[PDB]
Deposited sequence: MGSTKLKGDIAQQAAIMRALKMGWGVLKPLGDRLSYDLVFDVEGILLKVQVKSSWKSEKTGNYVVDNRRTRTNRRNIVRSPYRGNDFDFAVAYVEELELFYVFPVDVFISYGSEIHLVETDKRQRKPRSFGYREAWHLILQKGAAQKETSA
């Protein structure tokens, strides 16, 4: 009906939609031998982006995402998708790899200390900024 191969498919399409809303271009590679799923044309500058989907986990009120480079590396941005809340976390390369195993995402209605990841919730400006910065180093 709708397995893991399909959950990742929606996540990919969601990211494409967001990029299109941002007015950006979007390039798709041939086959899955490359290290990144998508690339966004942010006003001329091409940025590699890996798409990731999250799972609801445990009890628990909060979502989880994983990074498996054992079964590639080097993109620019990782985008995590939460199907239920139709929202994206956007992580830069270094921040994404700097996590050990799992990355905890916590939505909920606040009133506690949030994880490191929380500052990257819907943080599409970070990729918007990398494009502008990389234009000037050229």
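Novice: List the gaps, meaning deposited-sequence segments with no CA coordinates, ordered along the sequence.
Specialist: Since the structure holds only modelled residues, the stretches it omits are 72-83, 151.
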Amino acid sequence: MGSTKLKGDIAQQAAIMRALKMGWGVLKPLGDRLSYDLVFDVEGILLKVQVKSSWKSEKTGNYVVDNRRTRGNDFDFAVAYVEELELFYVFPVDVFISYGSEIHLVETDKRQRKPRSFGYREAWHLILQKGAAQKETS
From here on, numbers count along this sequence of modelled residues.
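Novice: Mind pulling up the entry and telling me whether 17-25 or 111-119 has the higher mean Cα temperature factor?
Specialist: Result: 111-119.
Novice: Given the B-factors recorded for C-alpha atoms, which segment has the greater mean, 53-61 or 34-42?
Specialist: Result: 53-61.
Novice: Considering every modelled residue of the chain and its Cα B-factor in the PDB entry, is residue 87 in the lowest, middle or highest third?
Specialist: Middle third - that is where residue 87 ends up once the chain's C-alpha B-factors are sorted.
Novice: Going by the CA temperature factor in the PDB record, which third of the chain does residue 97 belong to: lowest, middle or highest?
Specialist: It falls in the middle third of the chain.
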